[PDB]
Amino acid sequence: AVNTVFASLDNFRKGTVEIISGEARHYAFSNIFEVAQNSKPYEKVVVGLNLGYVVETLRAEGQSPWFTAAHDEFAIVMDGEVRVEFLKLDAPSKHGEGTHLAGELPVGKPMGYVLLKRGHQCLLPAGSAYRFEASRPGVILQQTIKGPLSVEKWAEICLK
């Protein structure tokens, strides 16, 4: 028998940093499912920051605003299920970086939707607006650039 161990929101186990020398801070150690459990729905929590580029962890619960970005972005559903709805914007953001509110109703024809279960990833195309639909709480990783919606709170998610 084989058992592959995936974590979830109602079932995870944070690892450890045993320090022989230096400080645990420098490794910025966190667990997404702990973060996702502890943050408002679709709050974009930065869990990884590389020279501007970011990995955000979003709590997928309910329905999200319309997001849009001038560049490609990616979502991976780490837990549960998210419906990603896509609008082809009539006037896409040409310039800028990071995640952006497409407003309460954007201008675009509906492209359709994608159904992401755990371990499914999905392209969030440049110059579309996208929105998340989760029935029960899930976890989302979004590969993007640090935007106006990115939250940093290292001190409260990281081993210190």
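Note that residue numbering begins at 1 and tracks the sequence as displayed.
Mean CA temperature factor is higher for 91 to 99 when stretches 124 to 132 and 91 to 99 are set side by side in the entry. Judged by mean Cα B factor in the deposited record, 19 to 27 ranks above the other of 5 to 13 and 19 to 27. Comparing C-alpha B-factors across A60, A69, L105, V45 in the deposited entry, the largest value falls on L105.
When the CA B factors of the chain's modelled residues are split into thirds, the value for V35 lands in the middle one. Sorting the modelled residues of the chain by their CA temperature factor places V54 in the highest third.
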